[PDB]
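The values are calculated or read from the model by the stated rules, or taken from the named source; no laboratory read-out is quoted. Every residue, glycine as well, gets a Cβ built from its backbone with ideal geometry; the counts of neighbours run over all protein chains shown.
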């Protein structure tokens, strides 16, 4: 369905100026990945807006102190993950305040990435609205979209790439059937990792979902 600037603002909480810059990219992404019904469009917009702070935040933040590393990945970066506070280990103290070195270590040898030394963890760090991480998902998105994101992963920080990759994620993770069965809670769990709650702004997601259905049907 053709959406408006006002539907996009209702759905994502974005500014008027950002809605104007993103409208055509969001429409093209939803059309490409068959996000067509009021509930599918509402569930997609409600989640991409909260995940990205209103289409503002498009890349993983890897700025950490040693204490932030221990707190975020205690099994990797705390001396002992069974105690409070966590104490940063020697690895945490070496990697702290080094975004590239953190990503290369924490994302090494998973999600399709190779070894720490060869740089895939940083290269394929989280990007987009619903962030894609790791060489495997960048590769699958490249094949499904035709976007050159292995050579140019920074395309996922453009409005076109962020919208397209989020629409791909929504389609591929079966969110369209969930939306069209009125299972918004499962859509949020699938995208965020947890059902609607305080931590993931669940009430704001639900409020924007319901408000966007109403807006579209008019």
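Annotations for the structure displayed:
- Subset of the range 164-218 (residues that are part of a loop (DSSP other than H, G, I, E, B) and either under 15 Å from the mean Cα position of the chain (by Cα) or under 20 Å from residue 2 (Cα atoms) (or both)): 173, 180, 193, 194, 200, 201, 217, 218
- Out of 92, 78, 101, sole residue that is under 20 Å from residue 117 (Cβ atoms) and touching a strand residue (DSSP E or B) at 6+ places or on another chain (Cβ under 8 Å): 92
- Residues located in the range 161-174, provided they are within 19 Å of residue 42 (Cα to Cα) and either touching a helix residue (DSSP H, G or I) at 6+ places or on another chain (Cβ under 8 Å) or in the same structural domain as residue 113 (by TED's automatic domain parsing) (or both): 162, 163, 164, 165, 166, 167, 168, 169, 170, 172, 173, 174
- Subset of the range 61-71 [surrounded by 15 or more Cβ atoms within 10 Å (Cβ to Cβ) and either under 24 Å from residue 120 (Cα atoms) or under 22 Å from the mean Cα position of the chain (by Cα) (or both)]: 62, 64, 66, 68, 69, 70, 71
- Residue 54 buried (at least 23 other Cβ atoms within 10 Å of the Cβ) and touching a helix residue (DSSP H, G or I) at 6+ places or on another chain (Cβ under 8 Å): no
This table checks each residue for (1) within 22 Å of residue 31 (Cβ to Cβ); (2) buried (at least 20 other Cβ atoms within 10 Å of the Cβ); (3) in contact with a strand residue (DSSP E or B) (Cβ under 6 Å, 6 or more places away or on another chain).
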| site | (1), (2), (3) |
| --- | --- |
| 123 | no, no, no |
| 133 | no, yes, no |
| 146 | yes, no, no |
| 157 | yes, no, yes |
| 166 | yes, yes, no |
| 193 | no, no, no |
| 206 | no, no, no |
| 210 | no, no, no |
| 217 | yes, no, no |
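- Residue check for residue 80: more than 17 Å from residue 200 (Cα to Cα), without any contact (Cβ under 8 Å) to a residue 24 or more places away in the chain and over 23 Å from the mean Cα position of the chain (by Cα): yes
- Annotation note: of 88, 81, 74, the sole residue that is assigned by TED's automatic domain parsing to the domain that holds residue 104, surrounded by 19 or more Cβ atoms within 10 Å (Cβ to Cβ) and in contact with a helix residue (DSSP H, G or I) (Cβ under 9 Å, 6 or more places away or on another chain) is 88.
- Among the residues of the range 123-163, those identified as in a helix (DSSP H, G or I) and touching a residue at least 40 places away in the same chain (Cβ under 8 Å) are 145, 156, 157, 159, 160, 162, 163.
- Among the residues making up the range 54-72, those that are closer than 30 Å to residue 167 by Cβ and in contact (Cβ under 8 Å) with a residue 24 or more places away in the chain are 54, 55, 56, 58, 59, 60, 62, 63.
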